[PDB]
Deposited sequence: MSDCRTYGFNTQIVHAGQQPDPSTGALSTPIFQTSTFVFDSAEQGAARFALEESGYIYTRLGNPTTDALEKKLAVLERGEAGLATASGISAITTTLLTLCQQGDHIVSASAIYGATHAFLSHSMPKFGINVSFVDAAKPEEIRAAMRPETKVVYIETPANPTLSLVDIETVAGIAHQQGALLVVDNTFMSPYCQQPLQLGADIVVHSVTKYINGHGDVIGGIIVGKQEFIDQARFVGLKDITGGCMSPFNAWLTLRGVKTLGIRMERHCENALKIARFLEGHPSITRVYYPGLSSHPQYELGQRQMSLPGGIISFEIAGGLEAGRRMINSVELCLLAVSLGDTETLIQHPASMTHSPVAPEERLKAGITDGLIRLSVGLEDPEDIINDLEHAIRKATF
């Protein structure tokens, strides 16, 4: 049989994995090795595993390729390494990238500062407006880069439409699918060429692995492996991290279902709360791109942003008043995590500059975990009531 024929939950559990032929061990063994040995001179010549590859990591790569409906996968040391290994493989001095402006911080730093120092130019545009992507393309443009949903107000990008534009103008589309996971969105099925993830978030899901994955065509992945990883970034994932990620992803389907069920309940609670001015969540019908979200995403996700009445000090008082939600900058963990960017991460950033980046003084971001939603809601209500 072939796991590509089975249902998505079956694939989550089984794809890329099988009992160890040699021993029958069900769990993928942890091949925590640096060295692989040959039986003869001839076997050595023939191979020239390698250790730009590993059996444990191979299982993870194969699984994620199946889940994203891509040909091949490549695991990395971090989400940022997935992104940079991809882009540094594809681009050289003189090349150009059109990127969404609404992207993860480290990605933005890489694109705005690192790439130009290597002679690779980047144009940032509002990717919610596909015409801005088209207008920014140049003969040199190799890649269009997008993230959807995107921080901090969970705006969307129309993957299929953007793919069509990128392709007509001769560029590849790379999509960061971290926020959704393959359970909720499949960019390759909508025309994207390459998908990257931080597995640090939902794919692993257990808050104990930093890692990334790249999924795409065999021809590209081979280059990302044998040139990108081998020569450029050196960002290979350790076998133990691969094993933990394999373990974490076993429950991806059931986790995403619960994250999203909980998040929808919490989003509705927040939308009904008179101390909350705005709630950003793709599952709410007042989301500006609601219908796009319904076509492109199978679930609205486990992340919510919202604005509390009373600005900076109200936000600070609110996060200082929660008892269950944990103050942290991560997402996709089993625990509910909360942050108030204007006081926590963007505190030294000028207030008017924060505003231009969509970060208002009262904006709170919530990564909804697997706790009872009534407990999360009660904690939020407690903190909001105190803060306002």
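**Student:** Where does the structure fail to cover the deposited sequence at the C-alpha level?
**Tutor:** Missing C-alpha atoms (numbering from 1) occur across the ranges 1, 50 to 57, 398.
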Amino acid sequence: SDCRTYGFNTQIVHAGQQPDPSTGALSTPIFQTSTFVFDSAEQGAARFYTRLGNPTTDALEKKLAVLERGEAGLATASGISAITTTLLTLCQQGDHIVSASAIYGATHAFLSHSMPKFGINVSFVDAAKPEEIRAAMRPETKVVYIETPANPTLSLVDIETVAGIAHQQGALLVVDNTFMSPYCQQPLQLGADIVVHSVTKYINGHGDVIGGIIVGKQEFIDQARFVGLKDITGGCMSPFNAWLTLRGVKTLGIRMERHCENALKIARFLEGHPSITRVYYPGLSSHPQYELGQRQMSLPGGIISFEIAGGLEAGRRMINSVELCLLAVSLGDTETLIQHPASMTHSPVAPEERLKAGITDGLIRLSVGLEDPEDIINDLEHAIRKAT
From here on, numbers count along this sequence of modelled residues.
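**Student:** What stretch has the higher average Cα B-factor here, 296 to 304 or 243 to 251?
**Tutor:** Result: 296 to 304.
**Student:** On average, which has the higher Cα B-factor in the deposited entry, 147 to 155 or 74 to 82?
**Tutor:** Higher of the two, by average CA B-factor, is 147 to 155.
**Student:** Pick out which of 224, 163, 195, 103 has the highest C-alpha B-factor in the PDB entry.
**Tutor:** The listed residue with the largest C-alpha B-factor is 103.
**Student:** In terms of recorded Cα temperature factor, pick the maximum from 272, 212, 234, 311.
**Tutor:** Within the set 272, 212, 234, 311, 311 shows the top C-alpha B-factor.
**Student:** Please place residue 343 in the lowest, middle or highest third of its chain according to the CA B-factor in the PDB entry.
**Tutor:** For residue 343, the deposited C-alpha B-factor lands in the highest third.
**Student:** Using the B-factor values recorded in the entry, state whether the Cα atom of residue 373 falls in the lowest, middle or highest third among the modelled residues of its chain.
**Tutor:** Its C-alpha B-factor belongs to the middle third of this chain's values.
**Student:** Should residue 34 be placed in the lowest, middle or highest third of its chain by the C-alpha B factor in the entry?
**Tutor:** For residue 34, whose C-alpha B-factor we compare with every modelled residue in the chain, the answer is the middle third.
**Student:** Quick check on the deposited entry: does the C-alpha B-factor of residue 335 sit in the lowest, middle or highest third of its chain?
**Tutor:** Its C-alpha B-factor, which the entry lists for residue 335, ranks in the middle third among residues of this chain.
**Student:** What third of its chain, lowest, middle or highest, does the C-alpha temperature factor of residue 43 fall into?
**Tutor:** For residue 43, the deposited C-alpha B-factor lands in the highest third.
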